[PDB]
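Asks: Counting in my numbering, the sequence shown runs from 1 upward without gaps.
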Amino acid sequence: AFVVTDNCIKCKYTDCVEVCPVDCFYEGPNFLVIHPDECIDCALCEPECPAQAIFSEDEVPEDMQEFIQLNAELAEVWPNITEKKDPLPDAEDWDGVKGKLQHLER
Ligand code: SF4
Ligand code: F3S
C-alpha cells in the first residue's frame, strides 16, 4: 500500500487521483488517504504529488509512522474521490510546514 503523510494536510492538491488505476483515494475536508486493501502498489501517484507526501508503506519516515494506520482507519469512513479538483486556497503557504497533523479535520 502507498500512504499519504503529513504534507498533504491543508494542501490537498489532488493530482494523485488522476493516475490511480483502481481509484483507492478517499476524501476528507483537508487531506486525502489511500485505502490499503485496494491499493495495488503501482507507485504511479507518488511522482504526481506536489507536496511529495505519498510514500510506499515500507518507506514512511520514522516520525510519520502514525499515518499508515491513519490512512487505514479514515479510508473506511471518508467518501471515495475519483476526479481531481482545485487545491485548497492557501495550499502553497502550507506546503512544507511540518507538524500539520494537529490541523487534520474529520
Ligand atoms: S500506488 Fe497506484 S494503486 Fe496505490 S494509490 Fe497510488 S496510484 Fe493508486
Ligand atoms: S497533496 Fe494530497 S491530495 Fe494527493 S496530490 Fe498530494 S497526496
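We put the beta carbon where it would ideally sit given N, CA and C, even for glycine.
When the distance is taken between beta carbons, is residue 34 closer than 7 Å to residue 71?
Replies: Locating residue 71 in the sequence shown gives position 71, where the first residue counts as 1. Locating residue 34 in the sequence shown gives position 34, where the first residue counts as 1. Yes, the pair counts as a contact, with Cβ atoms nearer than the cut-off.
Asks: Could you spell out the range, first to last residue, of the alpha helix (DSSP H) harbouring residue 81?
Replies: For the purposes of this step, residue 81 is taken as the residue at position 81 of the sequence shown. Run containing residue 81: none; DSSP gives neither H nor E here.
Asks: Do residue 75 and the ligand SF4 come close, with the Cβ less than 6 Å from some heavy atom?
Replies: For the purposes of this step, residue 75 is taken as residue 75 along the sequence shown, with counting starting at 1. Result no, Cβ not under 6 Å from the ligand SF4.
Asks: For the alpha helix (DSSP H) holding residue 73, just list the boundary residues, first then last.
Replies: As a first step, residue 73 must be located in the sequence shown, where it is residue number 73. 66-75 is the extent of the alpha helix (DSSP H) around residue 73.
Asks: Does the Cβ of residue 60 lie closer than 6 Å to at least one heavy atom of the ligand SF4?
Replies: The residue labelled residue 60 in the question sits at position 60 within the sequence shown. No - the ligand SF4 has no heavy atom lying nearer than 6 Å to the Cβ of residue 60.
Asks: Nearest-angstrom Cα distance between residue 12 and residue 58?
Replies: Position 12 of the sequence shown, counted from the start, is the residue given in the question as residue 12. Position 58 of the sequence shown, counted from the start, is the residue given in the question as residue 58. Near 23 Å, if we compare the C-alpha coordinates of residue 58 and residue 12.
Asks: Under a Cβ-count criterion, where at least 16 other Cβ atoms within 10 Å of its own Cβ denotes burial, should residue 108 be classed as buried or exposed?
Replies: The chain is shown only over 1 to 106; residue 108 falls outside these bounds and no answer can be derived.
Asks: Is the CB-CB distance between residue 38 and residue 24 below 7 Å?
Replies: By 1-based counting over the sequence shown, the position of residue 38 is 38. By 1-based counting over the sequence shown, the position of residue 24 is 24. For residue 38 and residue 24, yes; Cβs fall inside 7 Å.
Asks: Pull up the distance between the alpha-carbon of residue 51 and that of residue 96, whole angstroms please.
Replies: In the sequence shown, residue 51 corresponds to position 51, counting from 1. In the sequence shown, residue 96 corresponds to position 96, counting from 1. Spanning the two alpha carbons is a distance of roughly 7 Å.
Asks: Look at the alpha carbon of residue 29 and the alpha carbon of residue 105, and state the distance between them as a whole number of angstroms.
Replies: Start at 1 with the first residue of the sequence shown, and residue 29 comes out as number 29. Start at 1 with the first residue of the sequence shown, and residue 105 comes out as number 105. Using only the alpha carbons, I get a separation of about 6 Å.
Asks: Give the straight-line distance between the Cα atoms of residue 91 and residue 31, rounded to the nearest whole angstrom.
Replies: Within the sequence shown, residue 91 is the residue found at index 91, counting from 1. Within the sequence shown, residue 31 is the residue found at index 31, counting from 1. So the alpha carbons of these two residues sit roughly 11 Å apart.
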